Amino acid sequence: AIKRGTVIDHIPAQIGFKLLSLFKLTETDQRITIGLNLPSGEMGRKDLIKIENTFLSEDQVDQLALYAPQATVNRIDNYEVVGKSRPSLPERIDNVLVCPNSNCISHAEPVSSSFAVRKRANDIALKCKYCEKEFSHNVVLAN
Amino acid sequence: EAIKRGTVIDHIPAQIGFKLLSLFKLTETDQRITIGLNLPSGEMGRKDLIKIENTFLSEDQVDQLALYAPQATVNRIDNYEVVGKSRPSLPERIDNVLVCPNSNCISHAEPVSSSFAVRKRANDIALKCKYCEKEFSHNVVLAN
Amino acid sequence: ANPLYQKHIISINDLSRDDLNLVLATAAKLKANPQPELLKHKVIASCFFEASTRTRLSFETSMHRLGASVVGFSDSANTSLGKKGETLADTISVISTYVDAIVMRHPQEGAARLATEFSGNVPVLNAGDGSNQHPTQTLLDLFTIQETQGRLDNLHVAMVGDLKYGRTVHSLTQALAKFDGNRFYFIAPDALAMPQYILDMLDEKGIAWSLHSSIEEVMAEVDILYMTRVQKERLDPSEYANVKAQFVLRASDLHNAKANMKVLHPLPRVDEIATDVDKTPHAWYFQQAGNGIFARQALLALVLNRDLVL
Amino acid sequence: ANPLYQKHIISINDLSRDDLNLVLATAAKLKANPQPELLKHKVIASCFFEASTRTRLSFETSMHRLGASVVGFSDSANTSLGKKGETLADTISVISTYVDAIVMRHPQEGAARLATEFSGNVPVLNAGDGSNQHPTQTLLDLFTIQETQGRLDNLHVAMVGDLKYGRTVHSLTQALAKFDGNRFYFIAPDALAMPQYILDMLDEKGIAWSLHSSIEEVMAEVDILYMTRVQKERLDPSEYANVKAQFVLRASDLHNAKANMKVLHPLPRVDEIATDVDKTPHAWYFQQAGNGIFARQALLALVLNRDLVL
Amino acid sequence: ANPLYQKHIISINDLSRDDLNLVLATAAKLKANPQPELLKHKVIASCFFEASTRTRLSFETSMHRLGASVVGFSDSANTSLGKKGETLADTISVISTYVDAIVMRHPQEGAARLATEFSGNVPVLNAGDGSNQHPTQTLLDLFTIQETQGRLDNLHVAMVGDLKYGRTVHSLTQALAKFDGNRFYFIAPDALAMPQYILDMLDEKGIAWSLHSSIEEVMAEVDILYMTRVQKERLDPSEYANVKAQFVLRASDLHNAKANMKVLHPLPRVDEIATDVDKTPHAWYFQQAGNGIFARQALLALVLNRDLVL
Ligand SMILES: O=c1ccn([C@@H]2O[C@H](COP(=O)(O)OP(=O)(O)OP(=O)(O)O)[C@@H](O)[C@H]2O)c(=O)[nH]1
Ligand SMILES: O=c1ccn([C@@H]2O[C@H](COP(=O)(O)OP(=O)(O)OP(=O)(O)O)[C@@H](O)[C@H]2O)c(=O)[nH]1
Ligand SMILES: O=c1ccn([C@@H]2O[C@H](COP(=O)(O)OP(=O)(O)OP(=O)(O)O)[C@@H](O)[C@H]2O)c(=O)[nH]1
Ligand SMILES: O=c1ccn([C@@H]2O[C@H](COP(=O)(O)OP(=O)(O)OP(=O)(O)O)[C@@H](O)[C@H]2O)c(=O)[nH]1
Ligand SMILES: O=C(O)C[C@H](NC(=O)CP(=O)(O)O)C(=O)O
Ligand SMILES: O=C(O)C[C@H](NC(=O)CP(=O)(O)O)C(=O)O
Ligand SMILES: O=C(O)C[C@H](NC(=O)CP(=O)(O)O)C(=O)O
Ligand SMILES: [Mg+2]
Ligand SMILES: [Zn+2]
Ligand SMILES: [Zn+2]
């Protein structure tokens, strides 16, 4: 139980460790607590990450919706929860993703990747700003 | 928080706890894991800490840690009890986790597991590839 | 200013119905009475990073008929990108300090889009980017359809051949779908089918389309029969069984066609259209090519002139 | 069984001073008294995945002088590894069900060691693995140094040329370092210096060694002048300045040479030894090549025949 | 003379059930009791016009175990056929005046049969002719199936991979079909199916066979799982979708396998057999390769030595 910072809860099993790398969260001097494969009332098993005196970038919260849709982000101040929400999915994601179209110009050239995001049913679709192709976020997140 | 059974890797130097998770693939399990990063120590000042339930490390596995966290303490826990304490001693070899930096080594092209002989050289650790026999500082030998 | 002044022309997806009608109206006028000095004092880059006959030559001729000058290259092998390792980005960055507009064709999807990020106030015209988009082809196609059919709505359109890699039909299907009551017939091998993203767009607008395994199934029904070439230079090796034209149109297959039906093809053709088709009243792929001049003149005039009166 | 019976012969670093002397002692004997049938009923694979004249032909000649048969290849291009994508491991896995020993040369370091992990009870003899080890070169070299100096202890040994990539001098330096009181002069361009693992090994045994920029410094004190070829096929493009022999020995460089001193070279030479050296009494590289027969006979004998020859 | 004395060995389709058993019976004997001089004073040509590791090296090894000498080439590029335009017929016409038997592998179907028409009284043994026949592969295969199943009758045999171009399975299926009550499962991409002349032959003998889309269906009932490599060097460019192994056997696929079942593969494998299979007790492809020595010894014995070995 931290005093001030962030608690990312309801992370799906085997995802917790990824977020640590991808967001370089452990590259800090700030105290960190992590629980992997924790028992969950609503999930059975879950991962959990606590970071003191630290808050996510909008960059980091935007990406979080893809990685872990059902995850909750808690902002704590003075030993108390102050902000609690499911991370809001954006419509553009820059830099982190790689177009799975191998003949996309985005592979050879000094530009940041960029995708337009939408759809429900099952997977969510990412449309490359460059080649205009659209893919399931399953195929894309298998970078 | 305390575990009933498994291994607690205490006294991991700062910024190392995460590497150990990545390198020895410690998170590739359904077992409950608990991690503390940047904890106060006093013996060390700042430290990392890894608890893994229902999981045990042989002397050799404990030894592989000597490259990264030599002053670490490995506590074997059973029935909420510390039933054994051991410290990493430099191993003779390190297999599988590293990749030989010689691009012309047969180990890259063929279905074999990597392997290096470990020796103390000056204030460094030198790794000799079992296959190509070239020697490198541990710093320049990457993982995968 | 006209709606297309100083605009990049990258993808049909960024153009409205009105935008397309404007180019078509402007093309009609320029064909009727030429404006030989309309683009005087303009210098335009023609940068082709892959092969072209129709697109580059009609573009450059169009520039000259309007009085502009042309610089560029038809091969990248002697640019600094070809010999000194220069990026496309830097290439666009310097050329855009020289010229008033850039026409570009490139083997990678997205190259034209990327170019707009480095060309500042200089308009980029996509002459083709990989198997993605071919907007100026669609402009001439629409113009030709308009010419021969008197309309762009309520048509029965068959597209035949490599629909997967045909940037021509990606752009053309999108354009025709901005009009009302068009019906589509896709005749393609499975491995080279019309991509799902095009189909989904048709579904969202409530446009009827169906799949057919032969031309004869629809011959009596179609106003436009749009043939394509297999894009061998884009096939994955796994798709090499499709290199040969699966559907071959011959003069004899036209016996039950509508009288007004026209056979189109962006060209070049290999074997998908037999030479005995050329003399029939349905062949119109060369007149279609011919129309590249008026559509490309129109596009150039609209992008580089605030407004014109004609 | 003799100490070397059924042993893999991969690296000098795995052998002891006693093993080396054993080979030499056996070589002496078979030269004096050939045993043309010692290896009758053996079949031995000769597998060369990069080029060879001396090593392959002398090994095969050795096999025939002892009565063994020979199978193999001098080129990997027509093996199933060359044309059908087969691994080296699978190649060794099948060959080791055919023959009684495997002699192999390969362009990647470690190849011989690998084969050892798939060859079961079939011994592997390393005819050279990339720039790593060349143990049978060292055996003939030692035999030659012994023949011409009367000893292998307390010698002054210069090694000249490409020391970084010379598998010959990696093996030979390690071997001489197993004997007492030898002294080393290393004459190399800085870019192709003797690797640090060799130098450390020498320091550990308190062996004296130093670097020199010319042959002339040490000419007066050397007993063995070991010349090498720049290993151009191993060189990184960044090391292409060293392709040309930096040190050329000519007959006039030998004025201040001890009468006992021999010039050795594992061969082939390019220009690092001028032809005028050939006629001088210091030249011994051809005699050296010939000693390959006796060293390689001995080695085959000890590995394939359980009893000490006599 | 034994039934196979001085016989050409071209196609399994030319041999009877008795011939095959004869080879196998001779193989058993020579393995138990080697006759190192049975072929003393024979010289035998080993002529390989396409690539080989197992077939060529085991044949040559067999020749040496029996005391014969060996001449030939592993590459046609330095024959007068390779450089001076000589026909295969003339090549066989001269070689057949030198040697006592000709072992040949060639990339064109029918080559072995052709050589037979120019070789006079010199027997030709087919080491593989294009995608047609591989009779000595079948001999070792049968020996292996016999060794591990105790019989060649009433077996469940799956063959997986490229059946259209597999000379191995053309020969092997024809051979097993000469025995009673065997059952076949063919697991191939449709484009590389077992040819119709094999299937017709089976129907004529009332042998049961069926097609399957996965290994898992038949895993429970098979005694022999015969995996093959996609023959990419034989493939038409139109078949390039099948280059990648469509069926990959891994150790986990073997859970429901009978304890007696063996996995065979004529080798080389690419990825159709994952390396984790190597350690499981079903893996027998290396043991299989080793049986090549005994099958090929036996064959040489019977063709070149008039009396039945015993
Ligand atoms: O003072 C606090 C309060 C809460 N937390 C941490 O915040 C996380 C969430 O805070 P809560 O514990 O209050 O959420 P909740 O379970 O009651 O309801 P759900 O979100 O599950 O629907 C908990 O996992 C707890 O570890 C702190 O670290 N410090
Ligand atoms: O700091 C920590 C460490 C560990 N845990 C461990 O996490 C487990 C769950 O703690 P929870 O507080 O999340 O229970 P929960 O009912 O709210 O679970 P949900 O339905 O919301 O998913 C607990 O069993 C505890 O052991 C924490 O909650 N916080
Ligand atoms: O499960 C946990 C969680 C957290 N911690 C946290 O570790 C920190 C130190 O707790 P320690 O128990 O390690 O104190 P220590 O004096 O033994 O430390 P050393 O000298 O051995 O290095 C404290 O911040 C504590 O909350 C645990 O020890 N175990
Ligand atoms: O049931 C237990 C017992 C012990 N532990 C954990 O074992 C770790 C060490 O247990 P120790 O009790 O031995 O720590 P220590 O400070 O007394 O001795 P040092 O190693 O620091 O010199 C502590 O971090 C504790 O959290 C459990 O997690 N569960
Ligand atoms: O190449 C095709 O088949 C269709 C289309 N053709 C053209 O644009 C004509 P050209 O290549 O001669 O300029 C294209 O996408 O390039
Ligand atoms: O190539 C050299 O210069 C030294 C040495 N040379 C030899 O072994 C002689 P060969 O290559 O003719 O067998 C080697 O490492 O291969
Ligand atoms: O090539 C194959 O996959 C099967 C078969 N393989 C062999 O005979 C083994 P090798 O080509 O090494 O002699 C062949 O037909 O050549
Ligand atoms: Mg909760
Ligand atoms: Zn893209
Ligand atoms: Zn190595």
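Every number for a ligand or one of its atoms is a count from 1 in the order of the listing. Both backbone and side-chain heavy atoms feed into the values below; hydrogens, waters and symmetry mates do not. In the text below, chain A, chain B and the rest are named by the order of the sequence lines, each starting its count at 1.
- Between B:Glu133 and D:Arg113 there is a salt bridge, with a side-chain nitrogen of the basic residue lying less than 4.0 Å from a carboxylate oxygen of the acidic one.
- Atom 7 (O) of ligand 3 is flagged as protein-proximal [any protein heavy atom, distance under 4.0 Å].
- Taking 4.0 Å as the cut-off, B:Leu49 counts as a neighbour of ligand 3 on heavy-atom distance.
- The nearest protein atom to atom 25 (C) of ligand 3, hydrogens excluded, is given as A:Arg31 NH2, 4.6 Å; this is a heavy-atom distance.
- Salt-bridge check for D:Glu239 with D:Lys164: passed, with a basic side-chain N closer than 4.0 Å to an acidic carboxylate O.
- The heavy atom nearest to atom 4 (C) of ligand 6, out of those in D:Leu57, D:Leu267, D:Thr53, is found in D:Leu267.
- Of all protein heavy atoms, the one lying nearest to atom 29 (N) of ligand 3 is B:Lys51 NZ, 3.5 Å.
- Taking a 4.0 Å cut-off on heavy atoms, B:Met44 fails to register as neighbouring ligand 3.
- Note: no N/O pair closer than 3.5 Å links D:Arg56 and ligand 6 by distance alone.
- B:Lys85 and B:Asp10 are not joined by a salt bridge, as no carboxylate oxygen comes within less than 4.0 angstrom of a charged side-chain nitrogen.
- Within the 4.5 Å cutoff, side-chain heavy atoms of D:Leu125 are placed close to those of D:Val303.
- Of the protein's heavy atoms, at least one falls inside 4.0 Å of atom 22 (O) of ligand 3.
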